[PDB]
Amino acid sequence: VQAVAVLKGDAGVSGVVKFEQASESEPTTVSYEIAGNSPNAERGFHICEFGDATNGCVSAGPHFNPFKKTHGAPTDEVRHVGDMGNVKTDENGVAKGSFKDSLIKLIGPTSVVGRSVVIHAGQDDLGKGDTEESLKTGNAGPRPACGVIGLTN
């Protein structure tokens, strides 16, 4: 199965996020290319519960967390499903990369199809911040761009 999200906003940030999962049990390969970020920085990259763009990136809601856990790093046992960590940006402010994740799926009851991918203005502290905000958003700040995850060929 294949999915795609086109990140857009009015803050100059934009990109594309592709998703690939053969079967439910197999991890999903996430591939991204996002431009217009701050150069040489780490930016929060998350999947939110709703694919609702009626009010900018805010209507996407909280991080997808069907199991009601706290915010963590993608390598953590305790993390939200939509916790993909931080993406690195180069000297030109472009973040290009790829990775696999076993909690993010395009098939089954926890499918992210129809939900939103969000890129942050700030760095995700990965839940290690000494605040309770850290346990929900990683204190990653504003959402300059987002896109609904749709199905593709």
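Throughout, we count residues from 1 along the sequence that is shown.
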| item | value |
| --- | --- |
| Stretch exceeding the other in mean C-alpha B-factor - 11-19, 128-136 | 128-136 |
| 20-28 or 141-149, whichever carries the higher mean Cα B-factor | 20-28 |
| Of the residues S111, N65, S116, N40, the one carrying the largest Cα B-factor as recorded | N40 |
| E91 - which third its CA temperature factor falls in, relative to the rest of the chain | highest |
| Record-listed C-alpha B factor of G36: chain third | middle |
